[PDB]
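Novice: Can you read through this structure? Questions will come right after.
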Amino acid sequence: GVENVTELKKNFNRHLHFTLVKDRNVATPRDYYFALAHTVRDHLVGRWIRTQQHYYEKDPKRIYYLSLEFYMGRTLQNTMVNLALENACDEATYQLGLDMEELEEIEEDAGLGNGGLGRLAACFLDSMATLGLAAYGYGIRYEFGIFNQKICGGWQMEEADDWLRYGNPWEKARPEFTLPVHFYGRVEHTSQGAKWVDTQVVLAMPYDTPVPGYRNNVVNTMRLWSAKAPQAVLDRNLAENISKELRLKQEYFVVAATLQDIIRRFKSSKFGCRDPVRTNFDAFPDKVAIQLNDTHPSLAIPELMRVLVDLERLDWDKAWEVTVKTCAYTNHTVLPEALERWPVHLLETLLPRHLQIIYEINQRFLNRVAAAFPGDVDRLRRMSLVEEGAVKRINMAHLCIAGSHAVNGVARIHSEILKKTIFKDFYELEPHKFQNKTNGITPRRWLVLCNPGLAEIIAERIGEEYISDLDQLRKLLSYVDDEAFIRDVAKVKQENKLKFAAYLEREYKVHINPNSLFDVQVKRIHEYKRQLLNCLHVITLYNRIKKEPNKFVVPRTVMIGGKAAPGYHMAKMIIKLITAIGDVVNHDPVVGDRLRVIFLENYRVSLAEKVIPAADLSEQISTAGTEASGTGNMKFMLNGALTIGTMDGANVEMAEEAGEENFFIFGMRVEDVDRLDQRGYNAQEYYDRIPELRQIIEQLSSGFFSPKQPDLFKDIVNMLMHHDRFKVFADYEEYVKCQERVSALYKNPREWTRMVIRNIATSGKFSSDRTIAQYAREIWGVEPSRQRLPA
Amino acid sequence: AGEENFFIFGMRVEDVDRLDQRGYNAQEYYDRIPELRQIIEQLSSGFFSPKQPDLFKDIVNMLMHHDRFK
Ligand SMILES: Nc1ncnc2c1ncn2[C@@H]1O[C@H](COP(=O)(O)O)[C@@H](O)[C@H]1O
Ligand SMILES: *Cc1c(COP(=O)(O)OP(=O)(O)O)cnc(C)c1O
C-alpha cells in the first residue's frame, strides 16, 4: 500500500464502504475518522508483521514492561508522525473534501491511564520502539478511564468515560489466544510437589495494539488483557469486573496472563515453527527481561517462581536464580507512606499458593541478612517482608527488592534517598542493586507532533537527526545571539499562542488576550502541589491592579488545570476557588484583559498537547521535599516555556542543565522545610508580618469572592491559617518576588527568547530515548539500535 | 462545691481562643520543658515498645505537630 495521496484516498474509500459498511449518504464525521484511522492502520500493520518476524529470526532478549496503566492519548496523529504520513493524509483527505484536524478531534484518548506513571510507560513504549528494542508493554484493557471531569458551576462533575463505545480502530481482539487466570482454591501438597486445586477461573482475552518507532520501521506490541467470566450471575459480575480485593485481583490478572505469554514465546523460539525446543530454562534470563513499573505487577515474582517450581519442576534455588536475574523494579514514590502492603488474610483466600511462596522467599531472604549481619535481630524485623502489628501485611516493595536484580528511582536525589533512608538496610545488604534512571519524555509526541513549528525551525538549522538524538539540540547554543533564530523562536510561540486562544474561545466563551504571557500550571489538584500558592499570587496581581488601576502590568492569562480525586474534599474546593476567582477577576471592568484566570477542564494527553506548546511559564511550585520526578516539567522546557519553581524533583536536574541563571527557582529548599518542621511552622507569623497576605485571607473569609455564600471558603482559610502541611504562606513572599522578576524579564522580548533558546538547547538530557538506552545497557543487558528496517 | 474543694487546672475557654489567635505552636512548650523532652524521646525510641520501635510515632507526630486539643 503506498504513501502516495492516490492510494491513500483509494484506501480511505475502500475502508469507509467495505470495512465500515457506510456510505457518503449516512456517514458522519466519526465514520470518516474510522476510515482514516483504518487507512493509516494498514501501514502500521505492514511494519508490525515484518518487525515481529524479525524478532523471531534474531531471537533477541525481549523486554516486558508490565504496568497497571499506560496513558496512551490518541493514536492517529502519533502514528502519522512516526510513519511520515501526516501530509499525504492531509492532501488525500482535503482532496476528498475532508479536513483532517476536524477528524483527528473525534478520537478518544485511550482510557488506560490516570497520570504520570501511565504517561511514563506510554513514553517508554515510544522510545523502546524508536531504539529498535524487542519490547512489549503488557496491561489490563480498561473499558472506562478514570472519569471525565465536567465543571458545572465551579463544581466538578465526574462524567463517565466509555472511550470504547464505538469500537477502537487501532486494536485487534485475539479470541484464539485467551488464557486462564485462577483465583481462590486450596493448596494440596502432593508427593511430587504442591498443587493449587479448587480454583475459580477467569479468562483473560488478548487485545493487540501496535506501537510505531519514529521512522525506523520498527513497530512493537502493546498487549492488554480483558477479563471474561467463562450463584453464577454474581460469580460472573465480579469476574467480568476486573475490566480493596478487586485491586489485588486486577494486579494478579495482568501478572498471570502475561507470564503465560512470556514462557510460551520463550519456548516457541524457532522462526516458522510453532512448537517448543527451549526447554532448558538456563537461558531464560538471557532471553527475558521483566520490568516491574512500581509495585503493582509485583506478584510477577512469586508467580514466575510458582510456574518454574510447581509446573516446570525446576528446583527452588535454580528457579530463584532465574527469577532475580529476570526481574527489575522501578520505584516512583518518596513517601514510605504510599507503599503497597497487602494483608496476608486477603492473600491466603485469594492466592494461598503465592503466600506460601512469599513466606518461603522471606524465610530464605531473612536467613541471608542473618549471616550478613549476625546478632542484629531488629535489622531482621526491619527487613522482613511480612510486617506484624495490628494487621499483618506483606510489604510488596521488600518483595520486589528481594526478588529483583536492580531497583531504581526516577531522579538522582530520589534514588539517593532510596539508598540513604527508605531502603537503607537493603542498600547495606546488596548495594549493587540500587541504580538511578532519571525520567524522560519522548521528543515525538512531546515536540515534533504537538509542536511542528518549533521542530521546523530547529530542523532548518540542524536537520532532523535530533528527534532521536535530542542531545544534538546543544548545537543551538551557537544561535543564542543569532537575530534570525531569536526572531523565529519568538514567532513560533506567537503562532502557537494564537492557535490556543481561538480554541479557548470556541471552547470556553471568554476572550483571552493572545499577548498576555500565558502562565500555565497543569498538575493533579492536590495540596502538596500548591495550586493555592498560585491563587494567592493571582489574587495579589488582582488587588495590586485594583489599588493602582493605571500602573503598567505585564498582561497575563493564568491557566490552571488538573483532576481532583473524587472524595477529596479540599481538592474539589480548590477547583471551586480557582473558577470563583475567575468570575470576580475576569469580569471586573478596571482589569480588562490585564489579568484573566482560567480553569482548564478535563486535562489529559490531547489537552496537554494543545496547551504546553503555547505556554510561556511553567508553574513547578510543589513544597520542596514532596516531589520525585516531574515529566511535565520537561515537556514545558522542550517547548519554549520558562519554569518558575522550587528546587525539587525534575526542577533540580533541569536548573543544572540549563544553568540556574536561566531558571526562576525560589523559596525553601529541603533544608529549610526541615528546619521549619524542627522549629514549628506557624502561619500566623506570616499572616501578621505581611499586609498584602492579610488582605487575601480577609477577602476569602468575608465572602468577596463568593458573595452569595459568604463562608464557602472557610475550609481553605482555616486549613491555611491553622493546619497547612505544605507551608504555602512560608513561600508566598519569595514566590511573588520571583514572579516580579519573571514579568520584568518578559518585558524584554529578545532577552526572554534568548533564555528560552538556552533552555531548549540544554533540554536533551530529558528525552526518554536517553532513559531507555540507560535501562537497556545498565539493567536489561541489551543494546539500543537506530538500525532502520526495510518497508 | 466551691472551687476550693475542686482541682481545676489549665486553660479556660478564653485562654485557648487567645492561644489560637497567636497560633498554637506545640514546639515552644517542648523546647522549654525538659521532662516533656525526655518523654517524647522515650516514645520515639521504642522505649515503651521495644520489639516495634516506631509503633507510637504516629501519635508522637500528632502531639508534636498537629495537636488540635493542646
Ligand atoms: N515462530 C515464528 N516465526 C515467525 N514469525 C512468528 C513466529 N511466531 C510469531 N510470529 C510473528 O509474530 C507475530 C506475533 O506473534 P506472537 O509473538 O506469537 O504473539 C505474528 O503475527 C507473526 O507475525
Ligand atoms: C506530562 C503528563 C503527566 C506527568 O506530569 P506531572 O509532572 O504533572 O506528574 P508527575 O510527573 O507525576 O509529577 C501527567 N498527565 C499528563 C496529561 C501529562 O501530559
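Here's how to read the names in the C-alpha cells: chain A, B, ... by the order shown, residue numbers from 1 in each chain, ligand numbers from 1 in the order shown.
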Leaving out residue B:24 and any residue of its chain fewer than 2 positions from it, which residues lie within 10 Å of it when counting only C-alpha atoms, given as a PDB file with N, CA, C and O atoms, in the first residue's frame?

Specialist:
ATOM      1  N   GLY A 680       8.695  24.486  64.298  1.00  0.00           N
ATOM      2  CA  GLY A 680       7.266  24.691  64.412  1.00  0.00           C
ATOM      3  C   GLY A 680       6.852  25.601  63.271  1.00  0.00           C
ATOM      4  O   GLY A 680       7.384  26.703  63.126  1.00  0.00           O
ATOM      5  N   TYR A 681       5.945  25.199  62.386  1.00  0.00           N
ATOM      6  CA  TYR A 681       5.502  26.098  61.332  1.00  0.00           C
ATOM      7  C   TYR A 681       4.343  26.923  61.851  1.00  0.00           C
ATOM      8  O   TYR A 681       3.312  26.340  62.180  1.00  0.00           O
ATOM      9  N   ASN A 682       4.412  28.248  61.923  1.00  0.00           N
ATOM     10  CA  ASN A 682       3.247  28.950  62.428  1.00  0.00           C
ATOM     11  C   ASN A 682       2.844  30.046  61.471  1.00  0.00           C
ATOM     12  O   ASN A 682       3.362  31.160  61.429  1.00  0.00           O
ATOM     13  N   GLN A 684       0.493  32.018  61.423  1.00  0.00           N
ATOM     14  CA  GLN A 684       0.018  33.280  61.951  1.00  0.00           C
ATOM     15  C   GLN A 684       1.158  34.298  61.928  1.00  0.00           C
ATOM     16  O   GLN A 684       0.886  35.493  61.726  1.00  0.00           O
ATOM     17  N   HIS A 722      -4.301  27.419  60.055  1.00  0.00           N
ATOM     18  CA  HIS A 722      -4.143  26.590  61.218  1.00  0.00           C
ATOM     19  C   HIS A 722      -3.713  25.193  60.959  1.00  0.00           C
ATOM     20  O   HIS A 722      -3.460  24.505  61.926  1.00  0.00           O
TER      21      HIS A 722
ATOM     22  N   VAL B  16      -7.733  29.511  75.530  1.00  0.00           N
ATOM     23  CA  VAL B  16      -7.429  28.690  74.363  1.00  0.00           C
ATOM     24  C   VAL B  16      -7.736  29.485  73.133  1.00  0.00           C
ATOM     25  O   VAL B  16      -6.976  29.363  72.184  1.00  0.00           O
ATOM     26  N   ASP B  17      -8.764  30.326  73.125  1.00  0.00           N
ATOM     27  CA  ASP B  17      -9.020  31.188  71.978  1.00  0.00           C
ATOM     28  C   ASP B  17      -7.877  32.177  71.822  1.00  0.00           C
ATOM     29  O   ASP B  17      -7.503  32.515  70.690  1.00  0.00           O
ATOM     30  N   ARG B  18      -7.263  32.640  72.920  1.00  0.00           N
ATOM     31  CA  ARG B  18      -6.137  33.552  72.810  1.00  0.00           C
ATOM     32  C   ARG B  18      -5.062  32.761  72.109  1.00  0.00           C
ATOM     33  O   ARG B  18      -4.638  33.166  71.017  1.00  0.00           O
ATOM     34  N   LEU B  19      -4.755  31.570  72.619  1.00  0.00           N
ATOM     35  CA  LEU B  19      -3.716  30.732  72.047  1.00  0.00           C
ATOM     36  C   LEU B  19      -3.969  30.458  70.577  1.00  0.00           C
ATOM     37  O   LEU B  19      -3.019  30.486  69.804  1.00  0.00           O
ATOM     38  N   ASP B  20      -5.211  30.296  70.128  1.00  0.00           N
ATOM     39  CA  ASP B  20      -5.478  30.058  68.722  1.00  0.00           C
ATOM     40  C   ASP B  20      -5.244  31.244  67.822  1.00  0.00           C
ATOM     41  O   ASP B  20      -4.807  31.026  66.691  1.00  0.00           O
ATOM     42  N   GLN B  21      -5.519  32.475  68.286  1.00  0.00           N
ATOM     43  CA  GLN B  21      -5.254  33.691  67.534  1.00  0.00           C
ATOM     44  C   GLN B  21      -3.733  33.840  67.461  1.00  0.00           C
ATOM     45  O   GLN B  21      -3.244  34.286  66.429  1.00  0.00           O
ATOM     46  N   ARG B  22      -2.899  33.550  68.469  1.00  0.00           N
ATOM     47  CA  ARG B  22      -1.463  33.699  68.279  1.00  0.00           C
ATOM     48  C   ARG B  22      -0.904  32.551  67.433  1.00  0.00           C
ATOM     49  O   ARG B  22       0.055  32.699  66.677  1.00  0.00           O
ATOM     50  N   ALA B  26       3.181  23.846  69.314  1.00  0.00           N
ATOM     51  CA  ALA B  26       3.497  22.833  70.321  1.00  0.00           C
ATOM     52  C   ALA B  26       4.929  22.741  70.714  1.00  0.00           C
ATOM     53  O   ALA B  26       5.222  22.407  71.871  1.00  0.00           O
ATOM     54  N   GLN B  27       5.755  23.116  69.719  1.00  0.00           N
ATOM     55  CA  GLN B  27       7.205  23.126  69.800  1.00  0.00           C
ATOM     56  C   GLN B  27       7.707  23.993  70.947  1.00  0.00           C
ATOM     57  O   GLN B  27       8.509  23.498  71.743  1.00  0.00           O
ATOM     58  N   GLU B  28       7.169  25.215  71.104  1.00  0.00           N
ATOM     59  CA  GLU B  28       7.500  26.155  72.173  1.00  0.00           C
ATOM     60  C   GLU B  28       7.488  25.485  73.540  1.00  0.00           C
ATOM     61  O   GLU B  28       8.452  25.561  74.296  1.00  0.00           O
ATOM     62  N   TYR B  29       6.466  24.700  73.837  1.00  0.00           N
ATOM     63  CA  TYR B  29       6.364  24.000  75.092  1.00  0.00           C
ATOM     64  C   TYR B  29       7.469  22.985  75.191  1.00  0.00           C
ATOM     65  O   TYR B  29       8.181  22.938  76.194  1.00  0.00           O
ATOM     66  N   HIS B  65       3.031  18.019  66.240  1.00  0.00           N
ATOM     67  CA  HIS B  65       2.864  18.876  65.079  1.00  0.00           C
ATOM     68  C   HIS B  65       1.444  19.074  64.621  1.00  0.00           C
ATOM     69  O   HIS B  65       1.195  19.940  63.769  1.00  0.00           O
ATOM     70  N   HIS B  66       0.463  18.275  65.048  1.00  0.00           N
ATOM     71  CA  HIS B  66      -0.902  18.507  64.607  1.00  0.00           C
ATOM     72  C   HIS B  66      -1.775  18.316  65.826  1.00  0.00           C
ATOM     73  O   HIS B  66      -2.856  17.739  65.749  1.00  0.00           O
ATOM     74  N   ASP B  67      -1.391  18.781  67.013  1.00  0.00           N
ATOM     75  CA  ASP B  67      -2.220  18.589  68.179  1.00  0.00           C
ATOM     76  C   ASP B  67      -3.319  19.607  68.144  1.00  0.00           C
ATOM     77  O   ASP B  67      -3.090  20.791  68.380  1.00  0.00           O
ATOM     78  N   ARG B  68      -4.538  19.197  67.835  1.00  0.00           N
ATOM     79  CA  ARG B  68      -5.659  20.134  67.826  1.00  0.00           C
ATOM     80  C   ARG B  68      -6.197  20.397  69.204  1.00  0.00           C
ATOM     81  O   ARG B  68      -6.893  21.375  69.338  1.00  0.00           O
ATOM     82  N   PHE B  69      -5.972  19.580  70.235  1.00  0.00           N
ATOM     83  CA  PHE B  69      -6.555  19.841  71.555  1.00  0.00           C
ATOM     84  C   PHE B  69      -5.553  20.213  72.673  1.00  0.00           C
ATOM     85  O   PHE B  69      -5.684  19.912  73.862  1.00  0.00           O
ATOM     86  N   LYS B  70      -4.463  20.870  72.283  1.00  0.00           N
ATOM     87  CA  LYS B  70      -3.449  21.405  73.189  1.00  0.00           C
ATOM     88  C   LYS B  70      -2.956  20.669  74.452  1.00  0.00           C
ATOM     89  O   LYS B  70      -2.832  21.227  75.539  1.00  0.00           O
TER      90      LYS B  70
END

Novice: Name the residues, by chain letter and number, that sit within 12 Å of ligand 1 using only C-alpha atoms and all ligand atoms, and give them as a PyMOL selection string.

Specialist: chain A and resi 45-59+62+134-136+138+172+174+176-178+206-210+219-223+258+260-277

Novice: How about saving the chosen residues, N, CA and C atoms kept, as a compact mmCIF listing (two decimals), in the first residue's frame?

Specialist:
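Result saved to again-v7.txt:
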# COMPACT_ATOMS: atom_id res chain seq x y z
N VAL A 45 0.41 -1.91 10.26
CA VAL A 45 0.43 -3.38 10.32
C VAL A 45 1.45 -4.04 9.39
N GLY A 46 1.67 -3.48 8.19
CA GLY A 46 2.74 -3.94 7.32
C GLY A 46 4.08 -4.03 8.06
N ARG A 47 4.42 -2.95 8.77
CA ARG A 47 5.63 -2.81 9.55
C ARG A 47 5.56 -3.66 10.78
N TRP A 48 4.42 -3.77 11.42
CA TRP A 48 4.30 -4.67 12.55
C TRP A 48 4.66 -6.12 12.22
N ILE A 49 4.09 -6.73 11.17
CA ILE A 49 4.40 -8.10 10.82
C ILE A 49 5.88 -8.30 10.54
N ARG A 50 6.57 -7.50 9.73
CA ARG A 50 7.98 -7.69 9.44
C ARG A 50 8.87 -7.45 10.65
N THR A 51 8.53 -6.60 11.61
CA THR A 51 9.31 -6.39 12.84
C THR A 51 9.33 -7.67 13.63
N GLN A 52 8.12 -8.16 13.88
CA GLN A 52 7.85 -9.30 14.71
C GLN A 52 8.43 -10.56 14.14
N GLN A 53 8.45 -10.67 12.81
CA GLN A 53 9.07 -11.80 12.18
C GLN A 53 10.54 -11.75 12.48
N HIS A 54 11.08 -10.56 12.23
CA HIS A 54 12.48 -10.27 12.51
C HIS A 54 12.89 -10.60 13.96
N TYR A 55 12.08 -10.37 15.00
CA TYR A 55 12.49 -10.73 16.33
C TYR A 55 12.62 -12.23 16.36
N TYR A 56 11.76 -13.02 15.74
CA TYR A 56 11.89 -14.48 15.77
C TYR A 56 13.08 -15.05 15.04
N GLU A 57 13.60 -14.27 14.10
CA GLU A 57 14.78 -14.69 13.38
C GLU A 57 15.97 -14.44 14.26
N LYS A 58 16.09 -13.21 14.76
CA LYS A 58 17.20 -12.81 15.59
C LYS A 58 17.20 -13.41 16.98
N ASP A 59 16.08 -13.74 17.58
CA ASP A 59 15.98 -14.20 18.95
C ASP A 59 16.68 -13.27 19.95
N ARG A 62 13.88 -10.10 24.92
CA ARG A 62 12.63 -9.37 24.83
C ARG A 62 12.41 -8.75 26.20
N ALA A 134 13.33 -5.08 21.12
CA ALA A 134 12.24 -6.07 21.15
C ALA A 134 11.39 -6.04 22.42
N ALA A 135 10.58 -5.00 22.53
CA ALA A 135 9.82 -4.77 23.73
C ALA A 135 8.32 -4.97 23.60
N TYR A 136 7.64 -5.28 24.71
CA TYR A 136 6.20 -5.46 24.73
C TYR A 136 5.68 -4.70 25.94
N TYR A 138 2.66 -4.74 28.56
CA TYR A 138 1.50 -5.56 28.89
C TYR A 138 0.68 -4.90 29.98
N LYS A 172 -6.64 -5.12 18.00
CA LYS A 172 -7.03 -6.35 17.40
C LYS A 172 -7.33 -7.40 18.46
N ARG A 174 -7.82 -10.83 20.14
CA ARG A 174 -7.32 -12.12 19.74
C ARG A 174 -8.07 -13.19 20.52
N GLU A 176 -8.65 -16.25 19.86
CA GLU A 176 -7.96 -17.52 19.87
C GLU A 176 -6.85 -17.68 20.92
N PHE A 177 -6.36 -16.62 21.57
CA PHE A 177 -5.25 -16.76 22.47
C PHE A 177 -5.70 -16.47 23.88
N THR A 178 -6.97 -16.66 24.21
CA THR A 178 -7.45 -16.46 25.56
C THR A 178 -6.76 -17.47 26.49
N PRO A 206 -6.57 -11.55 25.00
CA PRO A 206 -5.61 -10.58 24.49
C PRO A 206 -6.16 -9.60 23.49
N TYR A 207 -5.73 -8.35 23.50
CA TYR A 207 -6.11 -7.37 22.51
C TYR A 207 -4.80 -6.77 22.09
N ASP A 208 -4.45 -6.73 20.81
CA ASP A 208 -3.17 -6.25 20.35
C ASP A 208 -3.22 -4.86 19.78
N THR A 209 -2.27 -4.00 20.15
CA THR A 209 -2.19 -2.68 19.56
C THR A 209 -0.72 -2.47 19.18
N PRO A 210 -0.42 -2.05 17.96
CA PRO A 210 0.94 -1.79 17.53
C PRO A 210 1.54 -0.43 17.96
N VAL A 219 7.77 -1.63 14.51
CA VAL A 219 6.51 -1.46 15.21
C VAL A 219 6.41 -2.60 16.24
N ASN A 220 6.26 -2.22 17.51
CA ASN A 220 6.18 -3.24 18.53
C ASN A 220 4.76 -3.50 19.04
N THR A 221 4.59 -4.28 20.12
CA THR A 221 3.28 -4.67 20.60
C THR A 221 2.94 -4.21 22.01
N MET A 222 1.78 -3.57 22.18
CA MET A 222 1.18 -3.34 23.49
C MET A 222 0.08 -4.38 23.45
N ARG A 223 0.00 -5.20 24.48
CA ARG A 223 -0.98 -6.25 24.55
C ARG A 223 -1.67 -6.09 25.88
N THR A 258 0.07 -12.40 31.46
CA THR A 258 1.30 -12.02 30.77
C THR A 258 2.41 -13.06 30.85
N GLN A 260 2.27 -16.23 31.00
CA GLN A 260 1.97 -17.41 30.22
C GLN A 260 2.45 -17.05 28.86
N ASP A 261 2.16 -15.83 28.41
CA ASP A 261 2.69 -15.41 27.15
C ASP A 261 4.21 -15.43 27.10
N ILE A 262 4.87 -14.99 28.17
CA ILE A 262 6.31 -14.92 28.21
C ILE A 262 6.90 -16.30 28.09
N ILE A 263 6.45 -17.28 28.89
CA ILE A 263 7.00 -18.63 28.84
C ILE A 263 6.62 -19.30 27.53
N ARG A 264 5.46 -19.06 26.93
CA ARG A 264 5.11 -19.64 25.63
C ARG A 264 6.07 -19.11 24.58
N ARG A 265 6.20 -17.80 24.43
CA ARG A 265 7.08 -17.21 23.45
C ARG A 265 8.51 -17.63 23.67
N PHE A 266 8.94 -17.85 24.90
CA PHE A 266 10.31 -18.24 25.16
C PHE A 266 10.55 -19.57 24.50
N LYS A 267 9.65 -20.49 24.84
CA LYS A 267 9.78 -21.85 24.41
C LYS A 267 9.62 -21.98 22.92
N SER A 268 8.69 -21.32 22.25
CA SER A 268 8.45 -21.45 20.80
C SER A 268 9.26 -20.39 20.06
N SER A 269 10.56 -20.49 20.27
CA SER A 269 11.55 -19.62 19.70
C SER A 269 11.87 -19.77 18.20
N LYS A 270 11.64 -20.91 17.54
CA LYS A 270 12.14 -21.11 16.19
C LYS A 270 11.36 -20.34 15.17
N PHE A 271 12.05 -19.68 14.25
CA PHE A 271 11.36 -18.98 13.19
C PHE A 271 10.57 -20.04 12.40
N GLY A 272 9.29 -19.76 12.22
CA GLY A 272 8.43 -20.60 11.44
C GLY A 272 7.75 -21.60 12.35
N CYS A 273 8.55 -22.40 13.02
CA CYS A 273 7.98 -23.45 13.82
C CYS A 273 7.24 -22.94 15.04
N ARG A 274 6.02 -23.43 15.25
CA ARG A 274 5.33 -23.03 16.45
C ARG A 274 5.39 -24.06 17.55
N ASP A 275 6.34 -24.98 17.51
CA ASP A 275 6.47 -25.96 18.58
C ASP A 275 7.56 -25.40 19.52
N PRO A 276 7.84 -25.90 20.75
CA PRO A 276 8.98 -25.51 21.63
C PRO A 276 10.48 -25.59 21.27
N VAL A 277 11.30 -26.43 21.92
CA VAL A 277 12.73 -26.66 21.77
C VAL A 277 13.36 -26.01 22.98

Novice: Tell me the residues of chain A close to chain B, meaning within 12 Å using only C-alpha atoms, as a PDB file with C-alpha atoms, in the first residue's frame.

Specialist:
ATOM      1  CA  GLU A 337       3.748   6.053  53.368  1.00  0.00           C
ATOM      2  CA  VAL A 377      17.627  -9.061  65.305  1.00  0.00           C
ATOM      3  CA  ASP A 378      15.912  -5.628  64.847  1.00  0.00           C
ATOM      4  CA  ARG A 379      17.512  -5.420  61.369  1.00  0.00           C
ATOM      5  CA  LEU A 380      15.686  -8.700  60.806  1.00  0.00           C
ATOM      6  CA  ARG A 381      12.411  -7.150  61.936  1.00  0.00           C
ATOM      7  CA  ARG A 382      13.114  -4.184  59.693  1.00  0.00           C
ATOM      8  CA  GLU A 387       5.128  -6.792  58.698  1.00  0.00           C
ATOM      9  CA  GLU A 388       3.476  -7.706  62.003  1.00  0.00           C
ATOM     10  CA  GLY A 389       1.408  -5.332  64.163  1.00  0.00           C
ATOM     11  CA  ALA A 390      -2.375  -4.673  64.458  1.00  0.00           C
ATOM     12  CA  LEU A 676      10.725  24.900  59.942  1.00  0.00           C
ATOM     13  CA  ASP A 677       9.349  21.454  60.889  1.00  0.00           C
ATOM     14  CA  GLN A 678      12.039  21.161  63.587  1.00  0.00           C
ATOM     15  CA  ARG A 679      11.087  24.707  64.806  1.00  0.00           C
ATOM     16  CA  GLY A 680       7.266  24.691  64.412  1.00  0.00           C
ATOM     17  CA  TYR A 681       5.502  26.098  61.332  1.00  0.00           C
ATOM     18  CA  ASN A 682       3.247  28.950  62.428  1.00  0.00           C
ATOM     19  CA  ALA A 683       1.276  30.528  59.672  1.00  0.00           C
ATOM     20  CA  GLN A 684       0.018  33.280  61.951  1.00  0.00           C
ATOM     21  CA  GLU A 685       3.554  34.763  61.865  1.00  0.00           C
ATOM     22  CA  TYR A 686       3.392  35.187  58.068  1.00  0.00           C
ATOM     23  CA  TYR A 687      -0.148  36.485  58.268  1.00  0.00           C
ATOM     24  CA  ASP A 688       0.887  39.096  60.852  1.00  0.00           C
ATOM     25  CA  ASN A 718      -8.803  27.582  58.370  1.00  0.00           C
ATOM     26  CA  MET A 719      -6.523  24.948  56.769  1.00  0.00           C
ATOM     27  CA  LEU A 720      -4.160  27.652  55.525  1.00  0.00           C
ATOM     28  CA  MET A 721      -4.204  29.503  58.849  1.00  0.00           C
ATOM     29  CA  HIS A 722      -4.143  26.590  61.218  1.00  0.00           C
ATOM     30  CA  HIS A 723      -3.256  23.210  59.598  1.00  0.00           C
ATOM     31  CA  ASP A 724      -1.342  23.842  56.288  1.00  0.00           C
ATOM     32  CA  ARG A 725       1.029  20.919  55.893  1.00  0.00           C
TER      33      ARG A 725
END

Novice: Which residues come within 10 Å of residue A:495, counting only C-alpha atoms, excluding same-chain residues fewer than 6 positions away, as a PyMOL selection string?

Specialist: chain A and resi 453+514+613-614

Novice: Using only C-alpha atoms and all ligand atoms, can you tell me which of A:342, A:316, A:71, A:18 comes closest to ligand 2?

Specialist: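 Closest to ligand 2 of all the choices is A:71.
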
Novice: Using only C-alpha atoms and all ligand atoms, which protein or nucleic acid residues are at most 10 Å from ligand 2, as a ChimeraX atom specification?

Specialist: /A:71-73,113-120,123,332-333,410,439-441,445-446,521-525,529,562-563,602-609,611-612,620,622,626-636,649-650

Novice: What is the atom CA of residue A:405-atom CA of residue A:339 distance in Å, reported with one decimal?

Specialist: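 Separation of atom CA of residue A:405 and atom CA of residue A:339: 19.4 Å.
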
Novice: Can you tell me, as a list in words, what residues are no more than 12 Å from stretch 32-40 of chain B when counting only C-alpha atoms, ignoring any on the same chain fewer than 6 positions away?

Specialist: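 Near stretch 32-40 of chain B, the qualifying residues are residues 26, 46, 47, 48, 56, 57, 58, 59, 60, 61, 62, 63 and 64 of chain B.
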
Novice: I'd like the contact shell of residue A:128 - 12 Å cut-off, only C-alpha atoms, skipping same-chain residues fewer than 3 positions apart - returned as a count of residues only.

Specialist: 43

Novice: If I take atom CA of residue A:94 and atom CA of residue A:32, how far is one from the other in Å, to one decimal?

Specialist: 12.3 Å

Novice: If you run DSSP on this backbone, which residues of stretch 312-375 of chain A come out as helix (DSSP H, G or I), and could you give them as a PyMOL selection string?

Specialist: chain A and resi 316-326+336-338+344-350+352-372

Novice: For the residues in that selection, give me C-alpha atoms as a tab-separated table (two decimals), in the first residue's frame.

Specialist:
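Everything below was put into part-v1.tsv:
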chain	number	residue	atom	x	y	z
A	316	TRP	CA	13.68	-23.77	44.21
A	317	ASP	CA	17.23	-22.45	44.05
A	318	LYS	CA	17.66	-22.70	40.33
A	319	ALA	CA	14.18	-21.11	39.86
A	320	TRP	CA	15.12	-18.32	42.35
A	321	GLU	CA	18.17	-17.61	40.32
A	322	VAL	CA	16.16	-17.35	37.10
A	323	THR	CA	13.71	-15.02	38.92
A	324	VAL	CA	16.14	-12.43	40.30
A	325	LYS	CA	18.06	-12.31	37.06
A	326	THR	CA	14.79	-11.84	35.12
A	336	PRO	CA	7.30	5.24	52.90
A	337	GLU	CA	3.75	6.05	53.37
A	338	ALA	CA	2.40	5.08	49.94
A	344	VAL	CA	-1.97	-11.72	54.50
A	345	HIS	CA	-5.69	-12.64	55.10
A	346	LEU	CA	-6.78	-11.43	51.69
A	347	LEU	CA	-3.71	-13.09	50.14
A	348	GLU	CA	-4.44	-16.51	51.72
A	349	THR	CA	-8.04	-16.58	50.50
A	350	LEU	CA	-7.28	-15.33	47.05
A	352	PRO	CA	-2.83	-19.32	49.05
A	353	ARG	CA	-0.05	-20.68	46.75
A	354	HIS	CA	1.58	-17.28	46.35
A	355	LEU	CA	1.50	-16.55	50.11
A	356	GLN	CA	3.44	-19.84	50.57
A	357	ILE	CA	5.98	-18.73	48.10
A	358	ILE	CA	6.17	-15.16	49.60
A	359	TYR	CA	6.84	-16.71	53.05
A	360	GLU	CA	9.48	-19.15	51.68
A	361	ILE	CA	11.20	-16.26	49.89
A	362	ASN	CA	11.06	-14.26	53.16
A	363	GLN	CA	12.46	-17.21	55.24
A	364	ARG	CA	15.40	-17.65	52.88
A	365	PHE	CA	15.97	-13.88	52.41
A	366	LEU	CA	15.91	-13.27	56.14
A	367	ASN	CA	18.40	-16.14	56.59
A	368	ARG	CA	20.72	-14.22	54.25
A	369	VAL	CA	20.53	-10.97	56.26
A	370	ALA	CA	21.20	-13.08	59.41
A	371	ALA	CA	24.60	-14.31	58.22
A	372	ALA	CA	25.38	-10.93	56.68

Novice: Just the number, please: distance in Å from atom CA of residue A:565 to atom CA of residue A:707, one decimal.

Specialist: 27.0 Å

Novice: Find, counting only C-alpha atoms, the residue in A:43, A:195, A:754, A:150 that gets nearest to residue A:479.

Specialist: A:754

Novice: Set the distance at 12 Å and use only C-alpha atoms: which residues neighbour residue A:351 once local chain neighbours fewer than 4 positions away are removed? I'd like the list as number ranges by chain.

Specialist: A: 181-187, 196-200, 245, 248-249, 251-253, 256, 299, 302-303, 306, 342-347, 355-358
